[PDB]
Amino acid sequence: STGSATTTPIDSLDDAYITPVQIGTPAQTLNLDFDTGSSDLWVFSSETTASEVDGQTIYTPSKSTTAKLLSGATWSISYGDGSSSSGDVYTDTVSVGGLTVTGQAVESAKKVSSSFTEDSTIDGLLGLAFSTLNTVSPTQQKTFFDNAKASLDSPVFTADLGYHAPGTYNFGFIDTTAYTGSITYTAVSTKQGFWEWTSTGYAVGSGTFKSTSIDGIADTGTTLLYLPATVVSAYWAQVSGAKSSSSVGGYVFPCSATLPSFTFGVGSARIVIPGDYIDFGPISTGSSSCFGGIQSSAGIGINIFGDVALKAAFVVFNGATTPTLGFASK
């Protein structure tokens with residue numbers, strides 16, 4: 001089997017991407033944030049505290065003839081941005097782009113933190129990291145990809161995120177029309193539960209490539225590119241007027257600037273992020289200070305190849321017995 005679904009930016013900055021997902025019988029369609037940095041499929045629901053729902057579409061398990069309470073199971077998750085959610089668990093039928101899993105754990109939110117409430121466009125998350133990170137207790141549950149894998153034509157999914165435009169998540173096949181050149185594959189460590197790999201270096205604009213190992217995660221659920229402070233300083237030093245602002249929380253730059261590109265290494269191959277992809281617009285409405293898309297990871301503990309990096313590439317998440325990542329230009 002295979003699946004193919006379009007993923008759409010939630011706003012004009014590509015702050016995140018939503019993909020329609022069918023849950024239950026009859027189908028209830030929710031727009032979920034596919035997140036290769038976490039491993040829980042959770043949704044706003046009929047059980048979510050009413051004051052914490054503000055425009056999201058909810059899953060109502062009592063209206064699904066295939067929903068079953070997973071007795072005793074609870075979940076609770078906190079993300080790197082400080083947000084969180086928690087609740088109970090149902091199993092139900094979940095389909096993505098024509099690909100169907102029966103008995104998928106659907107984590108129903110009883111509580112969500114304010115950032116989720118405040119984002120009316122995201123109805124929940126669909127985690128695509130490794131199932132070892134799933135938070136369900138006392139019986140940990142599998143991700144949608146893990147449950148579908150055996151049935152897929154090939155044990156892979158691909159992320160093809162658009163810049164200010166829709167893109168595609170495919171399951172079970174590699175669309176050879178979606179990229180240019182060849183796909184370069186690179187090793188993955190699953191020891192932290194992430195799609196963790198080692199970039200071979202970077203370049204700023206037309207500058208010379210610096211060969212240096214950068215361990216990080218491929219995370220579709222993080223907006224920006226978080227890299228070591230040395231790398232980020234070298235980038236922003238090429239932008240007149242750019243500075244790190246403690247009050248704003250990162251590097252800002254004059255909105256009148258034209259940004260240089262940023263290249264990262266995948267083995268001997270190179271992925272070029274155009275400068276425009278690094279512009280996240282005014283820090284506040286009407287400001288002439290703009291927020292940078294490349295930020296320091298020094299306060300995280302891990303480097304994160306988020307959407308800013310991934311949307312410059314066609315990315316293969318290879319879930320074979322030994323997982324690997326593939327990157328191609330497009």
# chains A, B, ... in the order shown; residues from 1 in each chain; ligands from 1
$ residues_around --residues "range 232-247 of chain A" --least-positions-apart "4" --cutoff "7 Å" --atoms "only C-alpha atoms" --output "short mmCIF file (atom, residue, chain, number, x, y, z; two decimals) with C-alpha atoms, in the first residue's frame"
data_model
loop_
_atom_site.label_atom_id
_atom_site.label_comp_id
_atom_site.auth_asym_id
_atom_site.auth_seq_id
_atom_site.Cartn_x
_atom_site.Cartn_y
_atom_site.Cartn_z
CA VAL A 204 27.28 30.97 4.16
CA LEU A 227 22.61 25.20 14.92
CA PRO A 228 25.71 25.72 17.09
CA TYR A 251 18.88 36.88 16.08
CA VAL A 252 17.03 39.74 14.39
CA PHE A 253 18.00 41.69 11.28
CA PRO A 254 16.85 44.78 9.38
CA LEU A 259 19.72 37.56 3.20
CA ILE A 294 18.62 30.39 11.69
CA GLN A 295 19.05 30.49 15.48
CA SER A 296 21.43 29.14 18.06
#
$ select_by_dssp --residues "range 47-193 of chain A" --states "strand (DSSP E)" --output "ChimeraX atom specification"
/A:68-78,84-96,99-112,124-127,156-160,167-171,184-187
$ closest_atom_pairs --of "range 123-165 of chain A" --to "range 40-62 of chain A" --cutoff "7 Å" --atoms "only C-alpha atoms" --output "CSV"
residue,atom,partner,partner_atom,distance
A:123,CA,A:56,CA,5.4
A:124,CA,A:43,CA,4.2
A:125,CA,A:41,CA,5.5
A:126,CA,A:41,CA,4.2
A:127,CA,A:40,CA,4.8
A:134,CA,A:40,CA,5.4
A:135,CA,A:40,CA,6.8
A:143,CA,A:40,CA,6.6
$ closest_residue --among "A:260, A:226, A:268, A:145" --to "residue 201 in chain A" --atoms "only C-alpha atoms"
A:268
$ residues_around --residues "residue 133 in chain A" --least-positions-apart "5" --cutoff "7 Å" --atoms "only C-alpha atoms" --output "list in words"
residues 38, 39 and 193 of chain A
$ write_last_selection --atoms "C-alpha atoms" --output "PDB file, in the first residue's frame"
ATOM      1  CA  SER A  38       7.700  13.406  18.399  1.00  0.00           C
ATOM      2  CA  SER A  39       5.811  10.146  18.519  1.00  0.00           C
ATOM      3  CA  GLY A 193      14.271   8.304  19.535  1.00  0.00           C
TER       4      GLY A 193
END
$ select_by_dssp --residues "range 165-271 of chain A" --states "alpha helix (DSSP H)" --output "PyMOL selection string"
chain A and resi 229-236
$ write_last_selection --atoms "N, CA and C atoms" --output "compact mmCIF listing (two decimals), in the first residue's frame"
# COMPACT_ATOMS: atom_id res chain seq x y z
N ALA A 229 26.28 27.84 18.10
CA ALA A 229 26.42 29.29 18.15
C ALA A 229 27.51 29.79 17.21
N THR A 230 28.57 29.00 17.02
CA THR A 230 29.65 29.41 16.12
C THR A 230 29.14 29.54 14.69
N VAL A 231 28.35 28.55 14.25
CA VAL A 231 27.81 28.53 12.89
C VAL A 231 26.84 29.69 12.69
N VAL A 232 25.95 29.89 13.66
CA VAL A 232 24.93 30.92 13.56
C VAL A 232 25.55 32.31 13.55
N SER A 233 26.60 32.52 14.36
CA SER A 233 27.32 33.79 14.35
C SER A 233 27.96 34.04 12.99
N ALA A 234 28.59 33.02 12.40
CA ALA A 234 29.19 33.19 11.08
C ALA A 234 28.14 33.56 10.04
N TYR A 235 26.94 32.99 10.13
CA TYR A 235 25.87 33.36 9.19
C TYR A 235 25.48 34.83 9.34
N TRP A 236 25.07 35.23 10.56
CA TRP A 236 24.49 36.55 10.76
C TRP A 236 25.52 37.66 10.63
$ closest_residue --among "A:208, A:284, A:297, A:180" --to "residue 330 in chain A" --atoms "only C-alpha atoms"
A:180
$ closest_residue --among "A:140, A:119, A:164, A:270" --to "residue 74 in chain A" --atoms "only C-alpha atoms"
A:140
$ residues_around --residues "residue 142 in chain A" --least-positions-apart "4" --cutoff "7 Å" --atoms "only C-alpha atoms" --output "list in words"
residues 131, 146 and 147 of chain A
$ atom_distance --atom1 "CA of residue 101 in chain A" --atom2 "CA of residue 79 in chain A"
25.7 Å
$ closest_atom_pairs --of "range 7-36 of chain A" --to "range 85-91 of chain A" --cutoff "12 Å" --atoms "only C-alpha atoms" --output "JSON lines"
{"residue": "A:23", "atom": "CA", "partner": "A:91", "partner_atom": "CA", "distance": 9.9}
{"residue": "A:24", "atom": "CA", "partner": "A:91", "partner_atom": "CA", "distance": 9.1}
{"residue": "A:25", "atom": "CA", "partner": "A:91", "partner_atom": "CA", "distance": 11.8}
$ write_last_selection --atoms "N, CA, C and O atoms" --output "PDB file, in the first residue's frame"
ATOM      1  N   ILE A  23     -10.107  10.279  10.733  1.00  0.00           N
ATOM      2  CA  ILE A  23     -10.155   9.504  11.971  1.00  0.00           C
ATOM      3  C   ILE A  23     -11.581   9.007  12.184  1.00  0.00           C
ATOM      4  O   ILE A  23     -12.530   9.796  12.136  1.00  0.00           O
ATOM      5  N   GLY A  24     -11.735   7.708  12.412  1.00  0.00           N
ATOM      6  CA  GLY A  24     -13.022   7.167  12.812  1.00  0.00           C
ATOM      7  C   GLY A  24     -13.931   6.785  11.662  1.00  0.00           C
ATOM      8  O   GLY A  24     -13.615   6.950  10.476  1.00  0.00           O
ATOM      9  N   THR A  25     -15.126   6.276  12.044  1.00  0.00           N
ATOM     10  CA  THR A  25     -16.147   5.788  11.112  1.00  0.00           C
ATOM     11  C   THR A  25     -17.510   6.315  11.552  1.00  0.00           C
ATOM     12  O   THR A  25     -17.963   5.981  12.646  1.00  0.00           O
TER      13      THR A  25
END
